[PDB]
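Trainee: target_15.csv is reproduced in full below (CSV, C-alpha atoms and all ligand atoms).
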chain,number,residue,atom,x,y,z
K,1,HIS,CA,-6.8,-18.2,4.1
K,2,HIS,CA,-3.7,-18.1,1.8
K,3,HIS,CA,-1.2,-15.1,2.5
K,4,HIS,CA,-2.2,-13.2,-0.6
K,5,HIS,CA,-6.0,-13.4,0.3
K,6,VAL,CA,-5.0,-11.6,3.5
K,7,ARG,CA,-2.8,-8.8,2.0
K,8,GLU,CA,-5.2,-8.3,-0.9
K,9,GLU,CA,-8.2,-8.0,1.5
K,10,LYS,CA,-6.2,-5.3,3.5
K,11,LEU,CA,-5.4,-3.3,0.3
K,12,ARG,CA,-9.0,-3.7,-0.9
K,13,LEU,CA,-10.4,-2.4,2.4
K,14,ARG,CA,-7.8,0.4,2.6
K,15,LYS,CA,-8.5,1.4,-1.0
K,16,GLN,CA,-12.3,1.3,-0.5
K,17,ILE,CA,-12.4,3.4,2.8
K,18,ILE,CA,-9.9,6.0,1.5
K,19,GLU,CA,-12.0,6.4,-1.7
K,20,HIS,CA,-15.1,6.9,0.5
K,21,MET,CA,-13.2,9.4,2.7
K,22,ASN,CA,-12.0,11.3,-0.3
K,23,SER,CA,-15.6,11.5,-1.6
K,24,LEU,CA,-16.9,13.2,1.6
K,25,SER,CA,-18.4,16.6,1.1
K,26,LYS,CA,-16.9,19.6,2.8
K,27,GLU,CA,-20.0,19.9,5.0
K,28,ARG,CA,-19.8,16.2,6.1
K,29,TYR,CA,-16.0,16.6,6.9
K,30,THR,CA,-16.6,19.7,8.9
K,31,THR,CA,-19.7,18.6,10.8
K,32,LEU,CA,-18.6,15.1,11.6
K,33,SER,CA,-15.1,16.2,12.6
K,34,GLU,CA,-16.7,18.7,14.9
K,35,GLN,CA,-19.0,16.1,16.5
K,36,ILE,CA,-16.3,13.5,16.9
K,37,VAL,CA,-13.9,16.0,18.7
K,38,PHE,CA,-16.7,17.3,20.9
K,39,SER,CA,-17.2,13.7,22.1
K,40,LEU,CA,-13.4,13.3,22.6
K,41,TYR,CA,-13.2,16.3,25.0
K,42,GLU,CA,-15.9,14.7,27.2
K,43,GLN,CA,-13.7,11.5,27.6
K,44,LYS,CA,-12.1,10.8,31.0
K,45,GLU,CA,-8.8,10.0,29.4
K,46,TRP,CA,-8.8,13.4,27.6
K,47,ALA,CA,-9.5,15.3,30.7
K,48,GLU,CA,-6.9,13.4,32.7
K,49,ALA,CA,-4.0,13.3,30.1
K,50,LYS,CA,-1.3,15.8,30.7
K,51,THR,CA,0.6,14.7,27.6
K,52,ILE,CA,-1.2,13.7,24.4
K,53,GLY,CA,0.4,12.1,21.3
K,54,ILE,CA,-1.5,12.9,18.0
K,55,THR,CA,-1.0,13.0,14.2
K,56,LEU,CA,-1.5,16.0,11.9
K,57,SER,CA,-4.5,15.1,9.8
K,58,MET,CA,-4.5,15.2,5.9
K,59,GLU,CA,-7.1,15.3,3.2
K,60,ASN,CA,-10.5,14.3,4.6
K,61,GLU,CA,-9.2,12.5,7.7
K,62,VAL,CA,-10.9,13.5,11.0
K,63,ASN,CA,-9.5,17.0,11.6
K,64,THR,CA,-6.9,17.0,14.4
K,65,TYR,CA,-5.8,20.6,14.2
K,66,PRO,CA,-8.6,21.8,16.5
K,67,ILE,CA,-7.5,19.1,18.9
K,68,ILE,CA,-4.0,20.3,19.2
K,69,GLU,CA,-5.3,23.8,19.7
K,70,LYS,CA,-7.6,22.7,22.5
K,71,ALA,CA,-4.8,20.7,24.2
K,72,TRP,CA,-2.6,23.8,24.1
K,73,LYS,CA,-5.4,25.9,25.5
K,74,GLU,CA,-5.9,23.4,28.4
K,75,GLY,CA,-2.2,23.3,29.2
K,76,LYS,CA,-1.6,19.8,27.9
K,77,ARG,CA,1.8,19.0,26.3
K,78,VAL,CA,1.3,17.9,22.7
K,79,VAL,CA,3.6,15.4,20.9
K,80,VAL,CA,3.5,14.5,17.2
K,81,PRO,CA,5.5,11.9,15.3
K,82,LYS,CA,8.5,12.1,13.1
K,83,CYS,CA,8.7,8.8,11.1
K,84,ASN,CA,12.0,7.1,10.3
K,85,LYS,CA,11.2,5.2,7.1
K,86,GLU,CA,14.3,3.1,7.3
K,87,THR,CA,13.7,1.6,10.8
K,88,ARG,CA,9.9,2.2,10.7
K,89,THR,CA,10.1,3.8,14.1
K,90,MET,CA,8.4,7.0,15.3
K,91,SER,CA,9.9,9.8,17.4
K,92,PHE,CA,7.2,11.6,19.2
K,93,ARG,CA,8.3,15.2,19.7
K,94,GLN,CA,6.8,18.1,21.5
K,95,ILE,CA,5.3,21.1,19.6
K,96,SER,CA,4.2,24.3,21.3
K,97,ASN,CA,3.3,26.0,18.0
K,98,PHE,CA,2.7,25.1,14.4
K,99,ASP,CA,6.0,26.8,13.3
K,100,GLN,CA,7.9,23.8,14.8
K,101,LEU,CA,6.5,21.7,11.9
K,102,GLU,CA,8.0,21.3,8.4
K,103,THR,CA,6.7,19.6,5.3
K,104,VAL,CA,8.7,16.5,4.7
K,105,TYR,CA,6.9,15.9,1.4
K,106,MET,CA,3.8,17.2,-0.5
K,107,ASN,CA,1.3,17.2,2.4
K,108,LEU,CA,3.1,15.4,5.2
K,109,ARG,CA,4.0,17.6,8.2
K,110,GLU,CA,6.5,16.6,10.9
K,111,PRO,CA,8.3,18.2,13.9
K,112,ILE,CA,11.6,19.8,13.0
K,113,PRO,CA,14.2,17.7,15.0
K,114,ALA,CA,16.4,20.8,15.7
K,115,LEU,CA,13.4,22.7,17.2
K,116,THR,CA,11.6,20.0,19.1
K,117,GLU,CA,12.3,17.6,22.0
K,118,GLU,CA,11.7,13.9,21.8
K,119,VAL,CA,9.3,12.6,24.6
K,120,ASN,CA,9.6,9.0,25.9
K,121,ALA,CA,6.6,6.7,25.4
K,122,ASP,CA,6.3,6.3,29.2
K,123,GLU,CA,5.7,10.1,29.5
K,124,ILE,CA,2.8,10.1,27.0
K,125,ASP,CA,-0.6,9.7,28.8
K,126,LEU,CA,-2.8,9.2,25.7
K,127,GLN,CA,-2.1,8.3,22.1
K,128,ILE,CA,-4.7,9.4,19.6
K,129,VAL,CA,-4.0,6.7,16.9
K,130,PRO,CA,-4.7,7.4,13.2
K,131,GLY,CA,-6.0,4.8,10.9
K,132,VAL,CA,-8.1,3.8,7.9
K,133,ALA,CA,-10.6,1.1,9.1
K,134,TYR,CA,-11.6,-0.4,12.4
K,135,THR,CA,-13.8,-3.1,14.0
K,136,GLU,CA,-15.9,-3.1,17.1
K,137,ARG,CA,-13.1,-5.1,18.6
K,138,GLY,CA,-10.5,-2.3,18.4
K,139,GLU,CA,-8.8,-4.0,15.3
K,140,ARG,CA,-7.2,-1.6,13.0
K,141,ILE,CA,-6.0,-1.1,9.4
K,142,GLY,CA,-3.7,1.9,8.8
K,143,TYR,CA,-2.0,3.2,5.7
K,144,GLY,CA,0.4,0.3,5.1
K,145,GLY,CA,3.6,1.4,6.9
K,146,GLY,CA,3.0,-0.6,10.1
K,147,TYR,CA,4.3,2.3,12.1
K,148,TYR,CA,1.7,2.1,14.9
K,149,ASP,CA,1.8,-1.7,14.9
K,150,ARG,CA,5.5,-1.5,15.8
K,151,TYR,CA,5.1,1.5,18.2
K,152,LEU,CA,2.2,0.0,20.2
K,153,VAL,CA,4.4,-3.0,21.2
K,154,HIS,CA,6.2,-0.8,23.7
K,155,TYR,CA,3.6,1.9,24.4
K,156,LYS,CA,1.8,1.1,27.7
K,157,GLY,CA,-0.4,4.2,28.0
K,158,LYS,CA,-4.0,4.7,26.9
K,159,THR,CA,-5.0,4.6,23.2
K,160,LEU,CA,-8.0,5.8,21.3
K,161,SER,CA,-8.9,6.4,17.6
K,162,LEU,CA,-11.2,8.9,16.0
K,163,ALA,CA,-13.2,7.7,13.1
K,164,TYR,CA,-16.2,8.5,10.9
K,165,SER,CA,-18.7,5.7,11.4
K,166,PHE,CA,-18.2,4.5,7.7
K,167,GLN,CA,-14.6,3.6,8.7
K,168,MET,CA,-16.1,0.9,10.9
K,169,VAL,CA,-16.2,-2.5,9.3
K,170,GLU,CA,-17.4,-5.9,10.1
K,171,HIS,CA,-14.1,-7.8,9.7
K,172,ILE,CA,-10.4,-7.0,9.3
K,173,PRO,CA,-8.0,-9.8,8.4
K,174,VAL,CA,-5.6,-9.3,11.4
K,175,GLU,CA,-2.1,-10.6,11.4
K,176,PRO,CA,-0.1,-11.6,14.5
K,177,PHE,CA,1.6,-8.2,14.5
K,178,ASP,CA,-1.6,-6.0,14.2
K,179,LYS,CA,-2.1,-4.0,17.4
K,180,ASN,CA,-5.6,-3.1,18.6
K,181,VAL,CA,-6.7,0.3,20.1
K,182,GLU,CA,-8.7,0.6,23.4
K,183,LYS,CA,-11.4,2.9,22.2
K,184,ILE,CA,-12.9,4.3,19.0
K,185,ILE,CA,-14.9,7.5,19.0
K,186,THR,CA,-17.3,8.1,16.0
K,187,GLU,CA,-20.0,10.6,15.5
K,188,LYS,CA,-22.5,7.9,16.7
K,189,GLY,CA,-20.7,7.0,20.0
K,190,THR,CA,-17.8,4.9,21.2
K,191,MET,CA,-16.6,1.3,20.9
K,192,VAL,CA,-14.6,0.2,23.9
K,193,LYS,CA,-12.4,-2.7,24.9
K,194,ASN,CA,-13.7,-3.9,28.4
U,1,LIG,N1,5.9,-5.3,15.3
U,1,LIG,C1,6.3,-5.5,14.0
U,1,LIG,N2,7.6,-5.9,13.8
U,1,LIG,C2,8.0,-6.1,12.5
U,1,LIG,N3,7.3,-5.8,11.4
U,1,LIG,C3,6.0,-5.3,11.5
U,1,LIG,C4,5.4,-5.1,12.9
U,1,LIG,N4,4.2,-4.6,12.7
U,1,LIG,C5,3.9,-4.5,11.4
U,1,LIG,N5,5.0,-4.9,10.7
U,1,LIG,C6,5.1,-4.9,9.2
U,1,LIG,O1,4.6,-3.7,8.6
U,1,LIG,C7,4.1,-4.0,7.3
U,1,LIG,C8,2.8,-3.2,7.2
U,1,LIG,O2,1.9,-3.6,8.3
U,1,LIG,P1,0.3,-3.7,8.0
U,1,LIG,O3,-0.4,-4.3,9.1
U,1,LIG,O4,0.2,-4.4,6.7
U,1,LIG,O5,-0.1,-2.1,7.7
U,1,LIG,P2,-1.0,-1.1,8.6
U,1,LIG,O6,-0.8,-1.5,10.1
U,1,LIG,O7,-0.4,0.3,8.5
U,1,LIG,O8,-2.4,-1.2,8.1
U,1,LIG,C9,3.9,-5.5,7.2
U,1,LIG,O9,4.7,-5.9,6.1
U,1,LIG,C10,4.3,-6.0,8.5
U,1,LIG,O10,5.2,-7.1,8.3
U,2,MG,MG,-1.4,-3.5,10.8
Give the structure from this file in structure tokens form.
Ligand SMILES: Nc1ncnc2c1ncn2[C@@H]1O[C@H](COP(=O)(O)OP(=O)(O)O)[C@@H](O)[C@H]1O
Ligand SMILES: [Mg+2]
Mentor:
Amino acid sequence: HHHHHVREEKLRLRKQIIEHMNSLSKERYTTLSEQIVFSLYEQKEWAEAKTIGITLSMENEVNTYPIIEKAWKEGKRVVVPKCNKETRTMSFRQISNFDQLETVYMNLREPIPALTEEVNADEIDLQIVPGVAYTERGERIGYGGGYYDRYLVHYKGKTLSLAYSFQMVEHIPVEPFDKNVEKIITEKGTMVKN
């Protein structure tokens, strides 16, 4: 229960799940990503959202590119974050096409400020929240920046996360600032806060 025990457990779990994700075959990535998103589009909060906030997936993370395409097809407004590393804040900005993105390093894609419009949190109906590991309780370990933990303080709309079932864990050592998500969709079903 010492502070280091907590931080070391988070790094340990983050490391272990990332390693597992990276080991996923191409077949598993493709099939599981397909299943998870098919289940997303059946959700009431998808159908009803007129503006959706989402991240651009990397490596073997559940594939969000098809989700953005579907949202565009359905006439939904799509917003993606630009992170400010100094303030640890996110500016969700609308994208109508993938040419409004730039690579802000190696594999990390963000909306080009000059070509995109910031959208206020109170205008975003659903936030699809990225992450590394989760519990049945909606608890969440991300990548270590604490961006969503900070953002979710002021965001009052609906939240959900997409996850492979192996990203589900029994216990996460949550700190007072860790924010939970309302729903998790895996290839096996959904975990909901009631
Ligand atoms: N609401 C907040 N206000 C201030 N600092 C925060 C807040 N939320 C998270 N942090 C900080 O962000 C850092 C990373 O958060 P952490 O929970 O460890 O990562 P993650 O949520 O990405 O898995 C921690 O050092 C923590 O102090
Ligand atoms: Mg956290």
Trainee: Check which residues fall inside 6 Å of ligand MG 2 (chain U) when counting only C-alpha atoms and all ligand atoms, and print them as a PyMOL selection string.
Mentor: chain K and resi 141+146+149+178
Trainee: Find the residue from K:186, K:22, K:89, K:116 that sits nearest to ligand LIG 1 (chain U); use all atoms listed in the file when measuring.
Mentor: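 Going through K:186, K:22, K:89, K:116 one by one, the smallest distance to ligand LIG 1 (chain U) is for K:89.
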Trainee: Residues of stretch 86-166 of chain K within 8 Å of stretch 35-54 of chain K: nearest atom pair and distance (Å, one decimal) for each, counting only C-alpha atoms, sorted by chain and number, as a tab-separated table?
Mentor:
residue	atom	partner	partner_atom	distance
K:92	CA	K:53	CA	7.1
K:123	CA	K:51	CA	7.1
K:124	CA	K:51	CA	5.1
K:125	CA	K:49	CA	5.1
K:126	CA	K:52	CA	4.9
K:127	CA	K:53	CA	4.6
K:128	CA	K:54	CA	5.0
K:129	CA	K:54	CA	6.8
K:130	CA	K:54	CA	8.0
K:158	CA	K:45	CA	7.6
K:162	CA	K:36	CA	6.9
K:163	CA	K:36	CA	7.6
K:164	CA	K:36	CA	7.8
Trainee: To one decimal place, how far is atom CA of residue K:56 from atom CA of residue K:6 in Å?
Mentor: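 It comes out at 29.1 Å.
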Trainee: Centre and edge lengths of an axis-aligned box around all listed atoms of ligand LIG 1 (chain U), with 3 Å added on each side, are to be given in Å to one decimal, as JSON.
Mentor:
{"center_x": 2.8, "center_y": -3.4, "center_z": 10.7, "size_x": 16.4, "size_y": 13.4, "size_z": 15.2}
Trainee: Let me have all residues with an atom within 9 Å of ligand LIG 1 (chain U), counting only C-alpha atoms and all ligand atoms, laid out as a list in words.
Mentor: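 Here is the list of contacting residues: residues 7, 10, 11, 14, 88, 131, 132, 133, 140, 141, 142, 143, 144, 145, 146, 147, 148, 149, 150, 151, 152, 153, 174, 175, 176, 177, 178 and 179 of chain K.
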Trainee: How many Å lie between atom CA of residue K:77 and atom CA of residue K:120, rounded to one decimal?
Mentor: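 Rounded to one decimal, the two atoms are 12.7 Å apart.
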Trainee: If I put a ball of radius 12 Å at (10.8, 7.7, 7.7) in the file's coordinates, which residues poke into it when counting all atoms listed in the file, written as a PyMOL selection string?
Mentor: chain K and resi 81-91+104-105+108+110+145-147
Trainee: Expressed in Å to a single decimal, how great is the separation between atom CA of residue K:183 and atom CA of residue K:63?
Mentor: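 These atoms are spaced 17.7 Å apart.
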Trainee: Using all atoms listed in the file, which of K:62, K:138, K:121, K:172 sits nearest residue K:8?
Mentor: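 Using all atoms listed in the file, residue K:8 sits closest to K:172.
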Trainee: Give as a list in words every residue, naming chains and numbers as the document does, that has an atom within 8 Å of (-17.8, 9.0, 8.0), counting all atoms listed in the file.
Mentor: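 Counting all atoms listed in the file, I find these residues within 8 Å of (-17.8, 9.0, 8.0): residues 21, 24, 28, 29, 32, 163, 164, 165, 166, 167 and 187 of chain K.
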